[PDB]
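Trainee: so I pulled this structure from the PDB, and the sequence comes with it:
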Amino acid sequence: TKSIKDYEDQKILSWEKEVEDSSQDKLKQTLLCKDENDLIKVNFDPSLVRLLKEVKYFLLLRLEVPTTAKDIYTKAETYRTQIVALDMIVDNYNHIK
């Protein structure tokens with residue numbers, strides 16, 4: 001049993017040693033870099049869902065989530081709120097082409 005616990009702890013540490021960042025200065029469609037396909041050049045593009053599933057997994061499996069991840073997730077939710085809909089404008093701009 002002690003061995004098994006050690007295995008769990010080692011895998012958990014190896015996985016836990018990771019960080020993220022969601023800040024962005026290109027919040028807008030960077031149109032002028034591609035042709036008729038606006039690029040919303042943003043760090044929260046996959047980071048929101050990755051952090052949500054990560055925090056969900058850790059919580060559901062009773063693992064302490066570091067404060068860095070918790071803060072970034074509290075930001076990620078507020079972001080997702082509007083990111084679910086920015087796709088409307090980007091799709092409209094790309095399809096009108």
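Mentor: Cool, the structure landed. Numbers count the residues shown, from 1 in each chain.

Trainee: most residues in a single helix of this structure, which one?
Mentor: For the chain, the helix with the greatest residue count under DSSP state H is helix 67-95.

Trainee: packing partners for that one?
Mentor: Counting contacts by 3 or more Cβ pairs under 8 Å, 6 or more residues apart in numbering; DSSP states H and E, helix 67-95 is packed against strand 29-30, helix 44-60. Every C-beta, even on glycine, is put in place using the N, C-alpha and C of the backbone.

Trainee: what about 10 Å?
Mentor: Packing partners of helix 67-95 (3 or more Cβ pairs under 10 Å, 6 or more residues apart in numbering; DSSP states H and E): strand 29-30, strand 39-40, helix 44-60.

Trainee: so which bits of that helix are buried?
Mentor: Buried residues in helix 67-95, defined by neighbour count with 16 or more other Cβ atoms under 10 Å: 69, 72, 73, 75, 76, 79, 83.

Trainee: how about a markdown table for the helices and strands packed on helix 67-95, with mean neighbour count added?
Mentor: Shown next, in a markdown table, are the helices and strands packed on helix 67-95 (neighbours: other Cβ atoms under 10 Å):
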| stretch | mean neighbour count |
| --- | --- |
| strand 29-30 | 16 |
| strand 39-40 | 16 |
| helix 44-60 | 15 |
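
Trainee: residues touching the residue nearest to the spatial centre of the chain, list them.
Mentor: In the chain, the centroid-proximal residue (Cα atoms, centre = their mean) is residue 47; its distance is 1.5 Å. By Cβ atoms under 10 Å, 6 or more residues apart in numbering, residue 47 lies in contact with 20, 21, 22, 24, 72, 75, 76, 79.

Trainee: ok, now residue 52?
Mentor: 73, 76, 77, 80.

Trainee: again with residue 89
Mentor: 29, 38, 40.
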